[PDB]
């Protein structure tokens, strides 16, 4: 249960052993693939919108370690508050509030050099990972991980078993408001008279050109971990949920509005009661 560590100078899955690759079984435009994070021997954390609402369990395949093989999915647990149609009335055609889900594997993962768990917030694993005293509370972990500033973080993109680590900054200080307001640059979100209707307290915000030029996410990054890296340990603080510009299709638009091209991530500190409940038997030592 040594979480968030690399287990030589190897490649791809050796550097990011928690990454999980997800494919939609009956693909269409916008519903082709997603990412996830190994969080325990039986669980992969991802985004709820990666699944079909009906027969969730048979709607995706998931792989780890860069393997060809798909793992048997026993159950998919959606956060109970998630509803993509929740705000049609308000003219918001897709609502990503609470966009998290857990995949329960039928078989126990065997940890190795290419399959390892990432650390989750408010666990004893994260306390040990950050080398903090045993007096550490959930709130103190949040202060350590998400201070009120621009926070260096990272996420991972995959293509044909090739993983690419991209560095981003979480706008959690004086730029937070502006980060969130830029949701209005997303197609469909532009007519909505109050933007905090789309950007709820559940969301962290990355992207833009200040303080640095953050790379942006694509639809296929949905559900992958947003990670803070500290002294050789990796802690998940968010789940990639939605972006202002799909830069895998639409690099043109990002060059039009680069200062406002944001990505939005479900803040794991904001869904702790649910995480804690679903993962209570996983030996993660939730605080």
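Residue numbers count along the first chain shown, from 1. By rigid core we mean the largest C-alpha set that fits within 1.5 Å across both forms.
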- Message: Core-aligned, RMS over all structures and residues: is 40-48 or 59-67 the stretch with the greater C-alpha displacement in 6 other deposited structures of this protein?
- Response: 59-67
- Between 158-166 and 70-78, pick out the one whose C-alpha positions differ more from the shown form in 6 other deposited structures of this protein, using the rigid core for superposition. 158-166
- Checking the other entries of this protein that model its neighbours, is residue 229 missing in at least a third? no
- Please report whether at least a third of the other compared entries leave residue 250 without coordinates. yes
- Note on the structure: Per the entry, how many deposited residues between residue 7 and residue 8 lack coordinates? The answer is 1 to 3
- Between 213-221 and 185-193, point out the one with the higher average CA B-factor as the PDB entry records it. 185-193
- Mean CA B-factor: is it higher for 129-137 or for 158-166? 158-166
- Among 175, 116, 152, 202, where is the Cα temperature factor highest, going by the PDB entry? 175
- Query: Highest CA temperature factor in the entry: which of 247, 228, 45, 64?
  - Reply: 247
- Query: Looking at the C-alpha B-factor of residue 207, is it in the lowest, middle or highest third of its chain?
  - Reply: lowest
- Please place residue 243 in the lowest, middle or highest third of its chain by C-alpha B factor as given in the entry. lowest
- Message: Please say which third, lowest, middle or highest, residue 266 falls into when its CA temperature factor is compared across its chain.
- Response: lowest
- Message: Among the modelled residues of this chain, does the Cα B factor of residue 278 put it in the lowest, middle or highest third?
- Response: middle
- Would you mind checking where the Cα B-factor of residue 88 ranks among the modelled residues of its chain, as the lowest, middle or highest third? highest
